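Trainee: Here it is, the structure, as structure tokens.
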Amino acid sequence: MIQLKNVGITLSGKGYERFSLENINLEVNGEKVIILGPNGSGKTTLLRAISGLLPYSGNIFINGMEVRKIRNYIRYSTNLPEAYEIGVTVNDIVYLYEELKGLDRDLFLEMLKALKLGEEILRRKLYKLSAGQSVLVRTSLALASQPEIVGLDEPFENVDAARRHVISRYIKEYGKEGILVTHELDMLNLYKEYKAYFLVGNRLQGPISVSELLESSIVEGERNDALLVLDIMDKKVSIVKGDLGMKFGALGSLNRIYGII
């Protein structure tokens, strides 16, 4: 169980003149959900707060433990870069995570091998890895502890198509509950059985089936049989089943939600 109860976090600025997320509410149990939002919407900041890495207003509970009361929880994992020491070798990180999270070295090595990332990658310092390599290694570290609950940031960004498919197989197999955040729409076709929320309108809005989203259309206005109605600046944007408008599948970029209106 992950509960966000009236969470607020500052995204930019300070004091009287800041921009923040406010009144963020979400409960997730027994499943992974995807939070979709444009770059800059605060998705990664939300995951950092849930992972104990940033202050926030309101309360976040993981299995009834408020996040301020958690120094480490062996059953939770994140791939966020803040959880890993860019400076030491991957092998060094593997040793820490074996104890910190109960990471299984053999399973980790199995993932690296499936990802066709060489045996030598262990000997490499984390900071020195490419963006695609870094995220694959960090996602693999998160999953190889067989977490019950996982917070995954942009696990597909800068990752080639083949390795996206490999890591998706592991994402689906490991960590039954959690939150995956992404701005990338081209990956949703592998996640039809999952629920999604949109971070837009200064709100977390949803849930909607990804299966239904992928075959939906998006239109201005509040429509009657809509799968989901989004509130944005002042307007309403409806996600509708079948052909009332342009295909969500062809959207290309989430920023185009603002544009269609």
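We label chains A, B, ... in the order they appear in the structure tokens, count residues from 1 in each chain, and number ligands from 1 in the order shown.
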Per DSSP on the backbone, what are the strand (DSSP E or B) residues of region 82-159 of chain A, as a list in words?

Mentor: residues 89, 125, 149, 150, 151, 152 and 153 of chain A

Trainee: If you count only C-alpha atoms, which residues fall within 7 Å of region 178-184 of chain A, apart from same-chain ones fewer than 6 positions away, as a list in words?

Mentor: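 Once the adjacent positions are removed, what remains is residues 31, 32, 33, 34, 35, 36, 37, 38, 39, 43, 149, 150, 151, 152, 153, 154 and 254 of chain A.
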
Trainee: Using C-alpha atoms, can you write the selected residues to a file as a PDB file, in the first residue's frame?

Mentor:
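Output (result_23.pdb):
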ATOM      1  CA  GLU A  31      -0.372  -3.375  -8.673  1.00  0.00           C
ATOM      2  CA  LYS A  32       1.967  -0.992 -10.563  1.00  0.00           C
ATOM      3  CA  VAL A  33       0.415   2.207 -11.836  1.00  0.00           C
ATOM      4  CA  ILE A  34       1.926   4.566 -14.391  1.00  0.00           C
ATOM      5  CA  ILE A  35       1.994   8.302 -13.886  1.00  0.00           C
ATOM      6  CA  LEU A  36       2.184  10.133 -17.222  1.00  0.00           C
ATOM      7  CA  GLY A  37       3.205  13.727 -17.339  1.00  0.00           C
ATOM      8  CA  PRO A  38       5.179  16.154 -19.490  1.00  0.00           C
ATOM      9  CA  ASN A  39       8.760  16.939 -18.707  1.00  0.00           C
ATOM     10  CA  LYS A  43       6.787  13.410 -11.666  1.00  0.00           C
ATOM     11  CA  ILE A 149       6.974  -2.065  -3.779  1.00  0.00           C
ATOM     12  CA  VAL A 150       8.974  -0.140  -6.396  1.00  0.00           C
ATOM     13  CA  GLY A 151       9.257   3.534  -7.549  1.00  0.00           C
ATOM     14  CA  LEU A 152      10.604   3.605 -11.061  1.00  0.00           C
ATOM     15  CA  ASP A 153      11.670   6.840 -12.762  1.00  0.00           C
ATOM     16  CA  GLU A 154      11.783   6.931 -16.614  1.00  0.00           C
ATOM     17  CA  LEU A 254       1.982  14.846 -23.718  1.00  0.00           C
TER      18      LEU A 254
END

Trainee: Considering only alpha helix (DSSP H) as DSSP defines it on the backbone, what residues of region 59-246 of chain A qualify? List them as a ChimeraX atom specification.

Mentor: /A:90-100,105-114,131-144,161-173,210-214

Trainee: Could you write those residues out with C-alpha atoms, as a CSV table (one decimal), in the first residue's frame?

Mentor:
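Result went into result.csv, see below:
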chain,number,residue,atom,x,y,z
A,90,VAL,CA,28.7,-1.2,-10.0
A,91,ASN,CA,30.1,-4.2,-8.3
A,92,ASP,CA,30.5,-2.1,-5.1
A,93,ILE,CA,26.9,-1.0,-5.4
A,94,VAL,CA,25.8,-4.6,-5.9
A,95,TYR,CA,27.5,-5.6,-2.5
A,96,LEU,CA,25.8,-2.7,-0.7
A,97,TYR,CA,22.3,-3.6,-2.1
A,98,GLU,CA,22.8,-7.3,-1.3
A,99,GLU,CA,22.6,-6.2,2.4
A,100,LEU,CA,20.5,-3.0,2.2
A,105,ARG,CA,23.5,-11.1,-7.2
A,106,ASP,CA,22.7,-14.0,-9.5
A,107,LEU,CA,19.4,-12.5,-10.5
A,108,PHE,CA,21.2,-9.1,-11.1
A,109,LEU,CA,23.8,-10.8,-13.3
A,110,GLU,CA,21.0,-12.6,-15.1
A,111,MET,CA,19.4,-9.3,-16.0
A,112,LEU,CA,22.7,-7.7,-17.1
A,113,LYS,CA,23.3,-10.8,-19.4
A,114,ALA,CA,19.7,-10.6,-20.8
A,131,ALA,CA,22.4,7.5,-19.8
A,132,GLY,CA,20.9,4.3,-21.2
A,133,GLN,CA,23.4,2.1,-19.4
A,134,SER,CA,23.0,4.0,-16.1
A,135,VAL,CA,19.2,3.6,-16.1
A,136,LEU,CA,19.3,-0.1,-17.1
A,137,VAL,CA,21.8,-0.8,-14.3
A,138,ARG,CA,19.8,1.2,-11.7
A,139,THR,CA,16.5,-0.4,-12.7
A,140,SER,CA,18.2,-3.8,-12.6
A,141,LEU,CA,19.5,-3.0,-9.1
A,142,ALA,CA,16.0,-2.0,-7.9
A,143,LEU,CA,14.4,-5.2,-9.3
A,144,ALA,CA,17.0,-7.7,-8.3
A,161,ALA,CA,14.2,-0.6,-28.5
A,162,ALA,CA,15.5,-4.1,-27.9
A,163,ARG,CA,16.7,-3.3,-24.3
A,164,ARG,CA,13.5,-1.5,-23.6
A,165,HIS,CA,11.7,-4.8,-24.3
A,166,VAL,CA,14.1,-6.8,-22.1
A,167,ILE,CA,13.8,-4.4,-19.1
A,168,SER,CA,10.0,-4.3,-19.5
A,169,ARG,CA,9.9,-8.0,-19.1
A,170,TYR,CA,11.7,-7.7,-15.8
A,171,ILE,CA,9.6,-4.6,-14.7
A,172,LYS,CA,6.5,-6.7,-15.3
A,173,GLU,CA,7.8,-9.8,-13.5
A,210,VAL,CA,-3.8,1.8,-20.4
A,211,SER,CA,-5.5,-0.7,-22.7
A,212,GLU,CA,-8.4,1.7,-23.1
A,213,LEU,CA,-6.2,4.8,-23.3
A,214,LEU,CA,-4.2,3.3,-26.2

Trainee: Rounded to one decimal, what separation in Å do you get between CA of residue 30 (chain A) and CA of residue 188 (chain A)?

Mentor: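 Spanning CA of residue 30 (chain A) to CA of residue 188 (chain A) is a straight-line distance of 19.7 Å.
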
Trainee: Ranking A:74, A:54, A:176, A:11 by minimum distance to residue 40 (chain A) and counting only C-alpha atoms, which one comes first?

Mentor: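 Of A:74, A:54, A:176, A:11, the one nearest residue 40 (chain A), counting only C-alpha atoms, is A:11.
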
Trainee: Got a sec: who's within 9 Å of residue 227 (chain A), counting only C-alpha atoms, leaving out chain neighbours fewer than 2 positions off, as a list in words?

Mentor: residues 208, 209, 212, 213, 216, 225, 229, 238, 239, 240 and 241 of chain A

Trainee: Identify, on the basis of only C-alpha atoms, every residue whose closest approach to residue 247 (chain A) does not exceed 8 Å; exclude the query and any residue fewer than 6 positions from it along the same chain; express the result as a ChimeraX atom specification.

Mentor: /A:215-218
